[PDB]
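This document starts with one chain, in the form deposited without the partner chain, laid out as C-alpha cells.
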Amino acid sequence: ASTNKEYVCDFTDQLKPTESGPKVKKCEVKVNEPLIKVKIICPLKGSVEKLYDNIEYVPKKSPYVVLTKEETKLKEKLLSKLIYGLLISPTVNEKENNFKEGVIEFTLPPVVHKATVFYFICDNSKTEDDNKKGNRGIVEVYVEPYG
C-alpha cells in the first residue's frame, strides 16, 4: 500500500564538458515490482558557471511526456497513457516537477501488464567550453510486467 523504495539516476557530475566529449552516459532503471518511485536529477544551466550553459532536456515536458519506441520511430508520448495509474506530483520539494528545476519524479503503479520501455535525455552536448564538449545523458526506464 505504501512506497518505501526509490531508484535515483543522478547526472550531476557526468555531463560536464570534456575533451573526449560528446559521449553518451547511460543510467538504466529496470523495474519488476510494484510502487517503485523513480527520481532523475540533471544539472541546471548556471548551476556552475559555463559547463551547462546550453543544456537541454528531452522531452521538455518530462515526466508527463516521455520518449518511447512506436514502430521504428522514437516518439514523445504521455506517460499516463503508456502506463495507467502512474502517480506524478505537480511539485517536488515545492518546485515544479520538470527538468527546468533539476529533478523529475514519478511513482509506478501496483500493476503493469506489459513490458514498457521509455527514455529521458539530459543533453549537454551543445555546451562548448575550451575545446571541450558536454555529454548526452540518457535514462532508460525498463518496466517489466508485475502485480
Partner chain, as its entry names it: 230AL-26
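The term rigid core refers to the maximal set of C-alpha atoms that superpose within 1.5 Å between the two forms. Only residues modelled in both forms are compared. Positions refer to the first chain, counted from 1.
Annotation for 87-95 versus 33-41: the higher mean temperature factor (C-alpha) is found in 87-95. For the pair 138-146 and 1-9, the mean Cα B-factor is higher in 1-9. For residue 102, the recorded CA B-factor ranks within the middle third of the chain. Only modelled residues enter the ranking.
Among all modelled residues in this chain, the alpha-carbon of residue 79 has a temperature factor (C-alpha) in the lowest third. Among the modelled residues of the chain, residue 57 sits in the middle third by CA temperature factor in this PDB entry.
In the deposited entry, the Cα temperature factor of residue 46 sits in the top third of values across the chain's modelled residues.
Missing here is the form deposited with the partner chain bound; even so, the following discussion is about that form.
Contacts to the partner chain in the deposited complex (heavy atom within 4.5 Å) from stretch 84-103: 90, 91, 93, 94, 95, 96, 100, 101. The Cα shift for residue 49 between the shown form and the other one, taken after rigid core superposition, is smaller than 2 angstroms. In the core-superposed comparison between the shown form and the other one, the C-alpha atom of residue 33 has shifted by less than 2 angstroms.
Residues present in both forms were considered; between the shown form and the other one, the rigid-core fit shows Cα displacements of 2 Å or more across three or more consecutive positions only at 70-73.
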